[PDB]
């Protein structure tokens, strides 16, 4: 009958539309994987000025959701024995030998526990290998590696970069030529082709100034992916079913489903951040709050890596100046969700949309 499709549309509309209105979001794409089938719901405008509507193929900046792609490349390097998570960072870049990176592991970099690497590179560091090298050579930990989590692009950026070095090829080339094709992603880019620019949404900030992401140090590793809701859901489905990929890539995805420590309700994997499921909306918002992004937290290390599967919610937020993305999936329920918007709107609001959809699907 039509009831299931009507109910799903009613549910997604009811979750999305008030949040779009309340946050003045011009355009938003939702994609849901439910019972092995994709469902797309598209809202509003990709560009207010030219009237292009959002579709499941519209490209959005996903910001730090890119970190989950970076983690997958690292998972490939790891499970191919080109690196180990307990390697010292300077093993993989001679320029760092003699620096504090002699005493910092790849896991620490990946999980933001190297000792106080900041959220962003300073403005003084441009997209330049020598400036990035000198930044790391001069950096000193604020506190002991392995003790506190401080969310950081330079941290997981370096992890990604070193994983590429371990494979003997540039990060960006590996992503284009190996990772994205292995995952079946033809609408996913670090550098959007000229021929696909018509699909690239406009981003909008304060006073609706147009904003698309510019070049920056380790941008590719930290925040550089542009993709469509359909492609991002394909990536969620790969995460739900790594066994559907060839074994080297299956293993790469599995490596991003391992938790190393907890902070509050959140268990930190490579890229993904996990919660028990069900959990309250308020606790999931708290785990995705501004203090979790901006302040250091003492970790509770697990006795061994924990499988992030079963009745757990794995998620990641991503932001750029003009865009706000969120992805969440529940491995034990074969359920995934992507919410891409062309405004950077509060994380709590992204989580509210997702939670309304997930709750409604339960009910």
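Positions refer to the first chain, counted from 1.
Averaged over CA atoms, B-factors in the entry run higher in 126-134 than in the other of 216-224 and 126-134. For the segment pair 266-274 and 170-178, the entry gives 170-178 the higher mean B-factor, averaged over Cα atoms.
Taking the deposited Cα B-factors for 108, 231, 237, 208, the highest one is held by 208. Of the candidates 330, 337, 302, 65, the PDB record gives 302 the highest C-alpha temperature factor. The deposited CA B-factor of residue 50 belongs to the highest third of values across its chain. For residue 321, the recorded CA temperature factor ranks within the middle third of the chain's modelled residues. When the modelled residues of the chain are ordered by their C-alpha B factor, residue 200 lands in the middle third. Per the deposited record, the Cα B-factor of residue 72 falls in the lowest third when ranked against the other modelled residues of its chain. Sort the modelled residues of the chain by CA B factor and residue 165 lands in the middle third.
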